[PDB]
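What follows is a pair of forms of the same protein chain, given separately as structure tokens and numbered structure 1 and structure 2.
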Structure 1
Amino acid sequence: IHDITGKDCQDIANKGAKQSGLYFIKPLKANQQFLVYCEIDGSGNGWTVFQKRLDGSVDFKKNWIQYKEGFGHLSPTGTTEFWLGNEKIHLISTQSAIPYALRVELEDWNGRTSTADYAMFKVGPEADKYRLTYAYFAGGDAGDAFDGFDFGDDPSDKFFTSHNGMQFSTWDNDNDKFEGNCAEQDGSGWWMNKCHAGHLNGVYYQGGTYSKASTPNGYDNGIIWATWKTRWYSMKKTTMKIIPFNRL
């Protein structure tokens, strides 16, 4: 664990930290400091990482309190899977009205990486079920899965697969826009609508390709991002990370 601290990884980078790894941060309203993985590039950009997938080592079918508090493992090398915790993500992303951007970074099973950036990304309080909001899609070759996707199953698909303004759901805390239970069916915790076009907390399928026959329910429950790959393609790695917007 590194010595420099601050309110986020950008604050840490601004204080002269140059190495990616584990740091304590203490956002404005945090009761106490907590550990994060900071990705610090050569340009002085310090990203605060709140989600990582890369090998299937952690089960992301976790309950409300587990998603709240965080699970998985932090590593100095950034080679482990984790969810930082909705409370922590809330505290970072809302502090001092600092405008954060979210970057989603995806890696396929062929060595290709793509990104999607969201401006003015915020996660609300537990009182509002950790609602996700953003101002706009700011670009990236992964495409804008949070806008929803035209799957073809029906003309309401896009409205029903968009993620802006969605509350967070777990199997034991259903806050989705479906009569059924998206989180329970797809085995994740996520900002579910009816149900999703982007789903980075989904089931880890080795090799990317899976199909309906692979799933117990018949729905796409993999690590999907529909604007980049078919719903039957599950990413090899994902990163969700935030930085003050001006660093874009």
Structure 2
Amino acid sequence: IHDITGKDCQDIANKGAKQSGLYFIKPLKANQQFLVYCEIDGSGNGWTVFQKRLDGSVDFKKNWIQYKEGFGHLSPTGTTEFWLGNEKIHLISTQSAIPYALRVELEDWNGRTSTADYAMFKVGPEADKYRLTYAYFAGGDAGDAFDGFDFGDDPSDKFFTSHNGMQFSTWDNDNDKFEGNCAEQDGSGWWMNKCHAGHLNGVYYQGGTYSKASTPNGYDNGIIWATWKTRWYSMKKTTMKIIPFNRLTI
């Protein structure tokens, strides 16, 4: 664990840290410091990573408290899977009304990475079930899955599968817009609607391709981002990371 600390990984970078790895941060309002993985590039950008998928090592079917507190494994090398914790993500993303960007980074099973950036990304408090909000989609070749997607299933698919303004759901705390339980169905925690167009906490399907035949109920419950790949393609790696918004300004 590195010595420099701050409010987030950008503060850490601003204080002269140059190496990606594990650092303590202590956002405003946090009761105690906590470890994070910071990705620090050669241009002084320090991203605070809150989700990582890369190998299927961690089961993302976790309950409300586990999603609140965080689960999985932090590593200095950035080679482990984790969910940082909704309370931590709330504390970082809302502190001092600092505008953060979210970057979603996806890797397919062929070694291509794509990104989707969201401006002014926030996660609300537990009293509002950790609601996700953003101001606008700021671009990227992965496309805007959080806007919802037309799967050709129902006329209202886009309304059913958008993510801005969705509360967080787990199997034991359903806050979705579905008469069923999206989190229980898929076995994940996420900002579910009815249910999703972008869902990075799904099941780790080896090799990417899966199908309705994969499960008895034919769930599209993989690690999906429908504006980049079919619902029947599950990413090999994902990263969800945040940075003060100005670090995006060219």
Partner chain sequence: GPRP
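Just so we're on the same page, residue numbers count up from 1 along structure 1's sequence. Only the largest set of C-alpha atoms that superpose within 1.5 Å between the two forms is called the rigid core.
Form assignment for the chain places structure 1 as the one matching the criterion, namely the form deposited with the partner chain bound. Its Cα shifted by 1.2 Å, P155 is compared between structure 1 and structure 2 on a rigid core fit.
For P216, the CA shift between structure 1 and structure 2 after superposing the rigid core equals 3.2 Å. Core-superposed comparison between structure 1 and structure 2: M166 shows a Cα shift of 0.1 Å.
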